[PDB]
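Tertiary structure, described
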6 protein chains.
Amino acid sequence: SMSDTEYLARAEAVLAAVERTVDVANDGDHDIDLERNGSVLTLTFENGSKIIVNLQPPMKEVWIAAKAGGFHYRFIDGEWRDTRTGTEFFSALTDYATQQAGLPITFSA
Amino acid sequence: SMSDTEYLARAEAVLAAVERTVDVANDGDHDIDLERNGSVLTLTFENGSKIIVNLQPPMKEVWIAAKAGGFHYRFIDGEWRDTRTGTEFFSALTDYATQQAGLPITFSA
Amino acid sequence: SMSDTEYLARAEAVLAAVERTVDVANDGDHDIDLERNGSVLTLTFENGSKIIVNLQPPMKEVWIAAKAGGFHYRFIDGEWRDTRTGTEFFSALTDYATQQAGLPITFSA
Amino acid sequence: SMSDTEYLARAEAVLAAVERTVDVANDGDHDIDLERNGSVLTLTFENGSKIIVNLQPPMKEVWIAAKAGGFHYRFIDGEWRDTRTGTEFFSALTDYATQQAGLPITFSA
Amino acid sequence: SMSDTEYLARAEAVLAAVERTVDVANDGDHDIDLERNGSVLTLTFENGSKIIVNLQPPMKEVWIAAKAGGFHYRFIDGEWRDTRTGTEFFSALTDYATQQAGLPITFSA
Amino acid sequence: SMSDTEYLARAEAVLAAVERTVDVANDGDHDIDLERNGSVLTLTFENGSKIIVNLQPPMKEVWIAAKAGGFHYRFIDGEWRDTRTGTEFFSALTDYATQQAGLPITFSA
Ligand code: NA
Ligand code: NA
């Protein structure tokens, strides 16, 4: 269809925030491989496991694919919420990334 | 009633973004006449046609009046959407302004 | 549960905006006592009356307690709205604080 | 020259913030006439006195003209500061507007 | 050294804004190939020419490489400015991209 | 003097960001005691050590007091920088907090 730049600005800002937090983690005790390609951010942990954060423009969503599964987030009333459970994006990502890093990594707005 | 400054801040920011993009277009190949008076932004293209972007505070809306018609936008879940079709504001305005300028003008958040 | 940092960032920003406006009022003709403790902002007016603005994280709300009563606000479609009447936050607070100060204090996004 | 949209976005946001605060004041005890024309905001107080807030793009400035005089503000290190005294914009405007309204009006970021 | 997330948030936001504007241009009369890889945004115009916008973290800069040359921008007093001429980022990019597209493309904050 | 609300909005936003990150850390493996009183944020780690982040309005600064010492930050060209070394705020705080928690805590804009 037509690009929705209001959606893209918000969704791209999520990818960027995630990348900055990983950069900080990598300054310290972490070694997470990070790749940003198009609208896809791929994190590869030291144990070889992965988390991908990406855009789904057709539903104006941001998605996570992690060891725990695949989760979809829509921006509703000021924040990104899991379309099934309502769980807020950064809290879920923190949970999944901490599981996979074996060392806390704290994502926060 | 009482002024809703949260609405006004968002709606005024739309008018301002539209004006900046037109200013840039006017630095280049365009000659669009721009007038900002109160909460009304009037664009007059070289062919004499017009687009008006204005506020409708009673419904917390931003409106377009263009050759294509009159469209009303409400801020829902992080963006300005056409109250009838759901089309996002800047994508619609891009379409209408490009029709009337005869040369692409690209509005974007 | 888990801290919702997207909610907290927005709600904390309300407390901060309220405090800045009171600081400005206090530079001039006002003498409002202000206390910020945790997620609770307490305003004590010259006549001894009070307004408290605080967070209610379980419902992702910001609350007012004032002479006029207790009001609850949720962030819906870009702004903080009274969960019962729909009244926008800063307009309501302006009303209540002006009643209690006996001199206009203007809160605005 | 060429329009500086980064400057214009910041400077226009000042005009908009000033207008919202006046709108709130006008909901209450004030009757300030407000006119926004192009990049010029004219406030006319009940006593007939005036304050104008406007843009000066050639120096990327925002200016005040008030009873107290004419003051020029540049954005330096995160805020708008008087080019002669360093006084921050909203604090100065609060001072001047309160003088002219005869009733406190509190401008705040 | 250590990742500067305040710099990265601002610089990444430039890349994202540029990409959104190109997306809009591509909805209309343009066909610009866009690739985002790491902190590098590559635009390939219909005539085969290129513009790259990328990060230079060691000096907290954003760079352009275009037909017109290589330009470096630092964030100073609220905006991205050419380190040699002071020209603001989006105005320069508009100039270079319009040269290379042969059809106006308007970048704006 | 007069309250500088442009400074206060930026400085308060630092305190709020720090608090949100600690809240997230506390959802996981951490137990950091957090107290926000006025413009002072006190963090008490499990080993009894402390970090305080607070405002210094007279110089428009944000300060850290940590085991490593006392550091002062001013907002210059888009970010908070150590007035002696130029080190950016969140990178320094990450370093100090990680030292004192004994488990990485990642602060990021
Ligand atoms: Na919303
Ligand atoms: Na700055």
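Parameters at a glance
Residues numbered from 1 in each chain as written, not as in the entry; some residues may be left out. Chains lettered and ligands numbered in written order. Heavy atoms only, no water. Residues with missing side-chain atoms left out of burial classes, pairs and counts. Helix = DSSP H or I, 4+ residues; strand = E, 2+ residues; numbered from the N terminus. Rg over C-alpha atoms; globule rule 2.2 N^0.38 Å. Least-squares fit on C-alpha atoms. Contact = heavy atoms within 4.5 Å. Nonpolar A, V, L, I, M, F, W, Y, C, P; charged D, E, K, R; others polar. Buried area = accessible area lost by both parts, 1.4 Å probe. Salt bridge = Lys/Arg side-chain N within 4 Å of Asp/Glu carboxyl O. Polar contact = N/O pair within 3.5 Å; in protein donor to acceptor, adjacent residues only side chain to side chain. Expected span 1.5 Å × (residues − 1). Buried < 20%, exposed > 50% of the residue type's maximum accessible area, 1.4 Å probe, protein only. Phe/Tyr/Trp six-rings, centres within 6.5 Å; stacked < 30°, edge-to-face > 60°.

- Structure determination for the deposited model, as stated in its record, used X-ray crystallography, and the stated resolution is 1.9000 Å.

**Here we look at the overall build of chain A**
- Within chain A, the regular secondary structure consists of two helices and six strands.
- When the helices and strands of chain A are read in sequence order from the N terminus, they spell out α-β-β-β-β-β-β-α.
- The C-alpha atoms of chain A give a radius of gyration of 13 Å, which matches the 13 Å a tight globule of 109 residues would have.
- Reported as C-alpha extents along the three principal axes, the dimensions of chain A are approximately 40 × 30 × 20 Å.

**A word on the relation of the copies chain E and chain F**
- Turning chain E through 120 degrees and shifting it by 0.0 Å along the axis lays it on chain F, with an RMSD of 0.0 Å. Look at the turn and shift together and you get a three-fold axis relating the two. By C-alpha distance to the rotation axis, the residue of chain E lying nearest is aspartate 77 of chain E, at 3.0 Å.

**A short note on the interface of chain E and chain A**
- Facing 16 residues of chain E, the contacting portion of chain A comprises 16 residues.
- Counting only elements with at least two residues in the side of chain E that touches chain A, the list comes to α1 (5-27) and β1 (33-37) of chain E.
- Residue contributions to the side of chain E that touches chain A peak at 10 residues, all from α1 of chain E.
- Looking at side-chain class alone, the side of chain E that touches chain A contains five nonpolar, five polar and six charged residues.

**Looking at the interface of chain E and chain F**
- Taken together, the contacts link 12 residues of chain E with 14 residues of chain F.
- Carbon and sulfur atoms supply 46% of the area that chain E and chain F bury against each other, a total of about 980 Å² over both sides.
- The largest share of the area that chain E buries against chain F comes from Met2, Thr5 and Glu6 of chain E, three residues that together contribute 53% of it.
- Remark: the boundary between chain E and chain F carries zero salt bridges.
- Linking chain E with chain F are four residue pairs in polar contact, by the criterion used here.
- Of all the secondary-structure elements, those providing two or more residues to the side of chain E that touches chain F are α1 and β5 (69-76) of chain E.
- By residue class, the composition of the side of chain E that touches chain F is five nonpolar, two polar and five charged.

**Quick look at the relation of the copies chain E and chain A**
- Note on the copies: chain E fits chain A at an RMSD of 0.0 Å, the axial shift is 0.0 Å, and the rotation between them is 180 degrees. The transformation just described matches what one would write down for a two-fold rotation axis. Taking C-alpha positions as reference, the residue of chain E nearest the rotation axis is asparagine 37 of chain E, located at 2.4 Å.

**Notes on the arrangement of the chains**
- The two units chain A and chain D never meet; even their closest C-alpha atoms stay 17 Å apart.
- One finds no contact linking chain C with chain E; the least C-alpha distance across the pair is 17 Å.

**A few points about helix α1 (residues 5-27) of chain A**
All names here are of chain A.
- With 23 residues, α1 ought to run about 33 Å at 1.5 Å a step, and its terminal C-alpha atoms sit 32 Å apart, in line with that.
- Summarising burial for α1: 18 of the 23 residues are buried, a large majority.
- Measuring from the backbone nitrogen of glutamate 6 back to the side-chain oxygen at the start of α1 gives 3.0 Å, which picks out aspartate 4 as the cap.

**Some points on the pattern of salt bridges**
- Tallying each qualifying case throughout the model produces 24 salt bridges over all chains.
- Between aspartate 4 of chain A and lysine 60 of chain A there is a salt bridge whose closest N-O contact spans 2.8 Å. With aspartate 4 of chain A in the segment before α1 and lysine 60 of chain A in the loop between β3 (50-56) and β4 (61-66), the pair connects residues that are 56 residues apart, well separated along the chain.
- For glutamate 12 of chain E, the salt bridge goes to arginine 20 of chain A, with nearest N and O atoms at 2.9 Å.

**Regarding unusual backbone geometry**
- Residue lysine 60 of chain C is not a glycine yet carries a positive backbone phi of 55 degrees.
- The exposure class of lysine 60 of chain C is partly exposed, given its relative accessible area of 25%.
- Its identity as a non-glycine residue notwithstanding, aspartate 77 of chain F has a phi of 45 degrees, on the positive side.
- Mapped onto the fold, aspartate 77 of chain F is located in the loop between β5 (69-76) and β6 (79-82).

**Concerning the packing of aromatic side chains**
- For the coordinates displayed, the defined rule picks out 24 aromatic pairs over all chains.
- Relative to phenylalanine 90 of chain D, the ring of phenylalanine 89 of chain D lies with its centre 5.1 Å away and its plane at 85 degrees, an arrangement referred to as edge-to-face. Per residue, the accessibility class of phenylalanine 89 of chain D equals that of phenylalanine 90 of chain D, and both read buried.
- With a centroid separation of 5.4 Å and 70 degrees between ring planes, the pair formed by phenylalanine 75 of chain F and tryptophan 80 of chain F is classed as edge-to-face.
- Here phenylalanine 75 of chain F falls in the buried class, since its relative accessible area comes to 9%.
- Through a chain of ring-to-ring contacts, the aromatic side chains of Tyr73, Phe89 and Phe90 of chain A assemble into a single cluster.

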